[PDB]
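No hydrogens, no waters, no symmetry mates; every other heavy atom, side chains included, goes into these values. For ligands, and for the atoms within them, numbers begin at 1 and follow the listed sequence. We count residues from 1, following the sequence as given.
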Amino acid sequence: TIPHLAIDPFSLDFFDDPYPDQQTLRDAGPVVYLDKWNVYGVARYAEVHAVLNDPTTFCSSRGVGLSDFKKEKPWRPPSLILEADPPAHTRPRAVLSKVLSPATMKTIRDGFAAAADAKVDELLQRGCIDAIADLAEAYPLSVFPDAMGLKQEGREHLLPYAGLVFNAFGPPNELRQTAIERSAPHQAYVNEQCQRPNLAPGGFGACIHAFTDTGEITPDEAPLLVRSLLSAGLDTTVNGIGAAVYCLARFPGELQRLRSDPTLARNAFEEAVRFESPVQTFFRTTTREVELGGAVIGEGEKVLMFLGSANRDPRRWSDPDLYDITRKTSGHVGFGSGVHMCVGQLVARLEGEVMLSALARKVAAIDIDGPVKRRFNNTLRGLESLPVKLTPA
Ligand code: HEM
Ligand SMILES: C=Cc1ccc(C(=O)O)cc1
Ligand SMILES: [Cl-]
């Protein structure tokens with residue numbers, strides 16, 4: 001039998017401090033029923049990993065938010081990659097894989113790193129900064145829109161559109177309906193920049209459109225794949241870099257280990273993705289009746305996966321609530337797992353690595369010197385404001 005819990009994983013009280021409720025969710029059983037929203041939940045590593053790696057049974061084509069696309073209309077045309085199953089998913093995935101490939105990383109790495117060093121040097125001249133606005137947001141804003149090949153005007157829509165996208169995966173609570181109500185201008189901007197004429201040659205966007213003659217995608221599919229990168233590519237890395245700086249501020253012994261070996265930067269960022277998990281929850285929909293962890297779940301049922309909880313499950317991790325930059329992180333689900341595992345993870349890791357590398361070489365300490373403010377979102381975890389003082393090395 002399935003235990004029934006009344007915990008609302010989309011409530012502000014839950015966002016404010018999710019870990020006690022996540023333990024309650026893990027320890028209640030491998031599968032729980034959340035009466036507040038009539039969905040099944042899995043919060044342990046083993047079950048989250050199993051659901052992610054069974055796309056036939058736990059599909060994405062009926063949406064990865066609460067809404068079931070077989071019952072309700074999506075709020076925007078479905079993503080051709082995130083909200084598709086194999087085999088429809090395979091070829092657009094292949095394209096984005098080759099757009100966001102190792103060879104692409106080689107062409108952008110020097111410029112991404114130069115931009116990270118310049119930013120830290122500029123922030124060190126200020127001393128007292130907001131690590132969100134002035135670093136976690138400013139740095140990805142200074143590299144990603146240009147890497148995409150976006151024009152300069154209208155970029156103020158990028159972060160609002162992303163927050164709308166991740167809020168829309170949630171239930172129809174105030175967070176979701178508020179975001180959708182104010183969505184029209186951001187939707188208009190993003191959709192217009194997805195068209196080939198508006199994307200600079202050499203960028204990720206033009207590269208997607210240039211892939212439309214191999215037989216893997218058609219020209220009418222390319223704008224939606226550009227839309228995918230502009231939905232998923234910015235706010236996630238913003239919260240990821242914010243997580244990393246927040247972690248280095250709360251664990252000064254780890255900042256000091258990072259300083260002494262800056263080659264730890266890539267794993268320091270990976271551990272921050274596990275520790276804070278910028279993408280906290282995602283849904284699947286069962287395509288049949290299925291046994292999961294000794295539990296039978298009917299067909300057509302939504303299953304809420306707790307990625308951040310799987311990443312703190314003491315059944316899988318030693319000392320899961322410690323930030324440890326030399327941890328063996330392989331297997332964490334902060335980027336997902338299986339056929340949909342984050343196709344932009346090389347970009348994310350590049351941004352985070354070069355930013356933590358710059359801090360490792362230029363910063364002696366990071367001290368919180370003001371009120372920390374949390375940013376609330378139905379799917380994303382991160383901070384609104386992180387007042388810090390940077391001490392130059
Ligand atoms: C720290 C940063 C990031 C995190 C935590 C993150 C998280 C995730 C997760 C958990 C998934 C799996 C979704 C699912 O299984 O339903 C995913 C997929 C995806 N991500 Fe990321 N992501 C990050 C950065 C990026 C970047 C930088 C890009 C693009 C430049 C990107 C684009 C995508 C896309 C297009 C998908 C769909 C993949 C598919 O369905 O095959 N993400 N991301
Ligand atoms: C992991 C978040 C995510 C959001 C949007 C999309 C998309 O729009 O395809 C993909 C991934
Ligand atoms: Cl849209």
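- Under a cutoff of 6.0 Å and an axis angle of 45°, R316 and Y45 form a cation-pi pair.
- Using modelled atom types, one side-chain atom of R327 and one backbone atom of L322 make a donor-acceptor pair closer than 3.5 Å.
- Compare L229, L225, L82, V226 by their heavy atoms: the one nearest to atom 6 (C) of ligand 2 is in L82.
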Using residues 386-393 as the side-chain source, report each donor-acceptor pair under 3.5 Å to any protein atom, sequence neighbours left out, with the distance given to one decimal.
residue	atom	partner	partner atom	Å
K389	NZ	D367	OD2	2.6
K389	NZ	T391	OG1	2.6

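- Counting heavy atoms closer than 4.0 Å to ligand 1, residue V339 contributes backbone atoms (N, CA, C, O) but none from C-beta onward.
- Heavy-atom separations between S60 and ligand 1 are all 4.0 Å or longer.
- Closest protein heavy atom to atom 3 (C) of ligand 2: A232 CB, 3.5 Å.
- Ring centers of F282 and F169: under 6.0 Å apart, within the cut-off.
- Heavy-atom separations between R76 and ligand 2 include at least one value shorter than 4.0 Å.
- With a 4.0 Å cut-off on non-hydrogen atoms, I81 touches ligand 2 through its side chain and not its backbone.
- In the hydrophobic clustering of this structure, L304 does not group with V290; members are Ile, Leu, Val, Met, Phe, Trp, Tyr whose side-chain heavy atoms approach within less than 4.5 Å, directly or through other members.
- Between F10 and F15, the ring-plane angle classifies as perpendicular under the 30° and 60° cut-offs.
- The shortest separation from a heavy atom of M341 to ligand 1 is not under 4.0 Å, leaving the residue out of contact.
- Under 4.0 Å from ligand 2, the heavy atoms of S79 that appear belong solely to its side chain.
- Ring centroids of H157 and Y161 are separated by 6.0 Å or more, keeping the two rings apart.
- With respect to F204, the side-chain contact (heavy atoms from CB on, under 4.5 Å) criterion is satisfied by exactly one of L199, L150, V226, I108: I108.
- Ligand 1 lies less than 4.0 angstrom from a heavy atom belonging to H89.
- Heavy-atom contacts of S231 reach the following atoms of ligand 2: 5 (C), 8 (O) (cutoff under 4.0 Å).
- The number of protein N, O or S atoms lying under 2.8 Å from atom 21 (Fe) of ligand 1 is 1.
- Side-chain contact between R257 and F251 is absent, with no heavy-atom pair separated by less than 4.5 Å.
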For this session: Take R250 and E276 through the test salt bridge (charged side-chain N to carboxylate O under 4.0 Å, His left out) and record every step on the way to the result.
Result: CA-CA 13 Å; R250 296 179 295 169; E276 286 302 328; 2.8 Å; yes

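- Nearest protein neighbour of atom 7 (C) of ligand 2, counting heavy atoms only, is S228 OG, 3.4 Å.
- In terms of polar-atom proximity, defined here as any N/O pair under 3.5 Å, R284 does make such a contact with ligand 1.
- Annotation for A28 and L5: closest pair CB-CD1, 4.1 Å, computed over non-hydrogen atoms.
- Of the polar atoms of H340, at least one N or O is found under 3.5 Å from an N or O of ligand 1, judged by distance alone.
- Comment: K70 does not engage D68 in a salt bridge, judged by the lack of any side-chain N to carboxylate O separation of less than 4.0 angstrom.
- Listed by atom number, the atoms of ligand 1 under 4.0 Å from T237 heavy atoms are 2 (C), 27 (C).
- Taking every heavy atom of both residues into account, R381 and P18 meet most closely at NH1-CD, 3.6 Å.
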